[PDB]
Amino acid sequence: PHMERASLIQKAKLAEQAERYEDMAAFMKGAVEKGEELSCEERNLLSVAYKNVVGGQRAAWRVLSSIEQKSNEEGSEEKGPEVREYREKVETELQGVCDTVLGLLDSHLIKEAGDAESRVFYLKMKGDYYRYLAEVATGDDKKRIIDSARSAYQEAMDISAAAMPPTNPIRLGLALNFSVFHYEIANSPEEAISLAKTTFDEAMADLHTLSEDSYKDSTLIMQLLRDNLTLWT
């Protein structure tokens, strides 16, 4: 059972070259279920795979939801059922994918996480895929999901603050996604801007100290922080 794991990672890399991300996610899901820890490469293969899968489902959900808003505004009555049924089917597929990711995180990855870097990576994923569920959630389920995302995000913020430099791309991307959580989901634009401001400010103070190979990843996320701040202010 420890000779199949190498084949699953091999087929995940092949699926990535072939842009077959649903197969890639299935291959990475099987690799995680083997029980061994993931390296930095294997962590990204798992994250890249599922982000593309849920990313296309989110884009489809947003398209169908905007059409549903217009169809319940304009006066289209017979158009209503087709859009509602199809948007709900895409909504179910998206929720099913997030449950798979959150299932792998809580049952394998987050528990047996060796270093702080991986634990922040996995906890950031847990907050991300709870945030994706909150994007489509409605009532009783929604309010509990928003609390679960904040708990996962906050635990990663505390670990990264004590274990990572403010220029670390994982800490930056974590705060970037957390600020979006505050703005979009938690309805806290002042906390969203404050977190984005502080994240940019503290990373800006230490920009001259950055390492050579960290330049490209860190300055990219700082641009995203500035882009959202430009949009929110």
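All residue numbers refer to positions in the sequence shown, first residue = 1.
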According to the deposited model, is the average Cα temperature factor higher in 3-11 or in 224-232?
-> 3-11
Identify the stretch, either 22-30 or 55-63, whose C-alpha atoms have the larger mean B-factor according to the entry.
-> 22-30
Candidate set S179, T167, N187, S47 [ranked by C-alpha B-factor, highest] = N187
Entry record, C-alpha B-factors for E135, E88, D158, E73; the maximum is at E73
Ordered by C-alpha B-factor within the chain, which third holds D128? Give me lowest, middle or highest, please.
-> lowest
Using the B-factors in the PDB entry, rank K111's C-alpha atom against the chain and give the third, lowest, middle or highest.
-> highest
Against its chain's modelled residues, does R171's Cα B factor rank lowest, middle or highest third?
-> lowest
Sorting the chain's modelled residues by C-alpha B-factor, tell me whether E93 ends up in the lowest, middle or highest third.
-> middle
For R144, the third of its chain by CA B-factor is the middle
